[PDB]
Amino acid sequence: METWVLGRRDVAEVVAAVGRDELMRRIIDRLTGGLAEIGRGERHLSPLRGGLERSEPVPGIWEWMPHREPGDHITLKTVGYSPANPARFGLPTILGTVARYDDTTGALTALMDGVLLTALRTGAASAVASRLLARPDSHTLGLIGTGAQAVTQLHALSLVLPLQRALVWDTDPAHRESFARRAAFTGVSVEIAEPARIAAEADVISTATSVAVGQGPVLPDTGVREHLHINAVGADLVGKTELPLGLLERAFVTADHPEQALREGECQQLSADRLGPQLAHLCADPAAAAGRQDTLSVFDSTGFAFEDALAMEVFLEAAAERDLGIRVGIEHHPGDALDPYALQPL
């Protein structure tokens, strides 16, 4: 009958009401269970997503990401990757919204912010993969790219690993300078450090950069620690990669969405047969990751709509708890179904 809209201010209230740590953990839990269900064949990976490339001011892409729950609802995330946004407009690079449509009737039932939600579920996905593939006594996090994702990468990982410090690099000096402030709520100290030092000293690394197509790697193939786990998070355009090939070829690599990663993720650099089990399989049967915490591992993260549906559910339950949001009659639902012009006055 009406659309439930949660805006920027409701999303802020959700985070306050739940707590940043608890909210992240909720999403981590829901992702874990959902992924296991996919891994058991009980739910399906989202279909491949579509997109429109944009040249100006620098190259980006704008995408639609559907996920259907047959007989309940369709989720669609509409989201932009616009890497000039912070410097040119004071806007996040990743800018989006997430909509829910009733599957039986098509009606738009809910609409909310995609920015916070994307950051949270992306951080969560790394935590999921890192609980399986990083040493549980991991103490040093490395971060290449210290923009918006870096924050929830650090946050999420600090919740599943006993992190004591983060060594961080960004090619924009102002962005690496501000990271300690943005990270300080998590209690993990932060030290700026060049890619070679991060490689050599980190136990777990997340790369989440706006690197250009064809300009990788963002982490050099120097010595790494034997047990290093890398969450490879950066991903927008085809031809965009973050890690060096020689590193990928020696790694146990798991993808979030193998078909998508082979096209848009680090797995662009590999053939399918060289991938370990996908993330959903590992979630469904964690013992299949058994010795991999102690050897070189890569989680190839690209993002997919199921993760957004799950995260949106978490938000909606919290917002329901505290009746946040407004209700807007957006759709024209004429009482006369058959009359476009039955516009409604009582």
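Start at 1 and count along the sequence shown; that's the residue number. If you superpose the two forms and keep the largest set of C-alpha atoms that fall within 1.5 Å, you have the rigid core.
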Original post:
Is the larger C-alpha RMS shift in 7 other deposited structures of this protein, relative to this form with the rigid core superposed, found in 269-277 or in 227-235?
Top reply: 269-277
Original post:
335-343 versus 3-11: which one's CA atoms end up farther from this form in 7 other deposited structures of this protein after a core fit?
Top reply: 335-343
Subject >> Mean C-alpha B-factor comparison - 333-341 and 12-20, higher one >> reply: 333-341
Subject >> Mean C-alpha B-factor comparison - 267-275 and 196-204, higher one >> reply: 267-275
**OP:** Could you check 97, 215, 153, 130 and tell me which one carries the biggest Cα B-factor in the deposited entry?
**Re:** 215
Subject >> Options 83, 80, 123, 187 - largest CA temperature factor per the record >> reply: 187
Original post:
Looking at the C-alpha B-factor of residue 286, is it in the lowest, middle or highest third of its chain?
Top reply: middle
Subject >> Chain-wide C-alpha B factor ranking for residue 301, given as lowest, middle or highest third >> reply: lowest
**OP:** Using the B-factor values recorded in the entry, state whether the Cα atom of residue 173 falls in the lowest, middle or highest third among the modelled residues of its chain.
**Re:** middle
Subject >> Ranked C-alpha temperature factor of residue 258 among modelled chain residues, by third >> reply: middle
**OP:** Please rank the C-alpha B-factors of the chain's modelled residues and tell me whether residue 119 sits in the lowest, middle or highest third.
**Re:** lowest
